[PDB]
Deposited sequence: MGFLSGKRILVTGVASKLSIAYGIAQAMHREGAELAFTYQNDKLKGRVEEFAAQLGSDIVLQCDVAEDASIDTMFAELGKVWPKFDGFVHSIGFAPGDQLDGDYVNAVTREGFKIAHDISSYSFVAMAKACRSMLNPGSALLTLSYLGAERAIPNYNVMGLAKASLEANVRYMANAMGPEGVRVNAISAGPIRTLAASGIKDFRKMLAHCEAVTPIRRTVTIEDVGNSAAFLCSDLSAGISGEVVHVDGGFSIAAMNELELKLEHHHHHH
């Protein structure tokens, strides 16, 4: 398939419902060899069994809050994949008290800090830590949401963190392009269907197929882009 001969690392698999799960299935179907990370002890077993279902046995701990954890993870990866062809960053977090009610009342310096650290900074923390490992032709991908560009109730400081993330995508695409790395995002629709042009919510399958494309040599002409995979929702008003 169109990912044959690519080696891609997939973060963010927590359940069958995760966007990363959908991506990993589409990529496996298209011929990629996959590696997986897991945040913590709680998730390890689930990520192991998914990885085995998709023919992989590279399953490594990584908590992106910690530089040491990211560096250890990539050193472990290096033992099986001394070089590889990019990674999927499918990692977001804000403390729960951030995501309820009026934005100005809910946001705090600490909730802002963590939101941006885990949802935006970690994408470039990963890229720094594996830069010398990426083959020419490599592609990095992260996941954003319309909250980066619109004020959405309750999404609150997560929209600011997604705006920072989308800027990260541009700054990374520019920094890494000369070494043959591309960096993009998918702004996914929520996983309001009567006002979506395609008249349905997007699935992790739709997102997974767009992700596979954006990490493959098919998308060689695309870098620094935030592609809306939301069924046209963001381009409509008042349906």
* Got a list of the deposited-sequence ranges with no coordinates? -> 1, 193-209, 258-270
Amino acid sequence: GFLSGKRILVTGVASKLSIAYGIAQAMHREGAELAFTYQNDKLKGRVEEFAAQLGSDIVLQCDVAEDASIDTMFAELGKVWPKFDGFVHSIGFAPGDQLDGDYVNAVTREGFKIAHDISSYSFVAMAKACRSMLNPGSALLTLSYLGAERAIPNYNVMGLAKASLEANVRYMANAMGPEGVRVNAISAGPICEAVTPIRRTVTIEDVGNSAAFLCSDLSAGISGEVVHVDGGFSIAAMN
From here on, numbers count along this sequence of modelled residues.
* Asked: Would 47-55 or 169-177 have the larger average of its C-alpha temperature factors, as given in the entry?
  -> 47-55
* To do: Going by the average Cα B-factor in the PDB entry, point out whether 37-45 or 193-201 comes out higher.
  => 193-201
* Check the PDB entry and point out which of 140, 146, 75, 143 has the largest C-alpha temperature factor. => 75
* Asked: Of the three thirds of its chain by CA temperature factor, lowest, middle or highest, which one includes residue 89?
  -> lowest
* Determine, from the deposited record, the chain-internal third of the Cα B-factor for residue 214: lowest, middle or highest. => lowest
* **For residue 151, the third of its chain into which the C-alpha B factor falls** => middle
* To do: Would you mind ranking residue 97 by its C-alpha B-factor against the rest of the chain and naming the third, lowest, middle or highest?
  => highest
* **residue 105 - which third its CA temperature factor falls in, relative to the rest of the chain** => middle
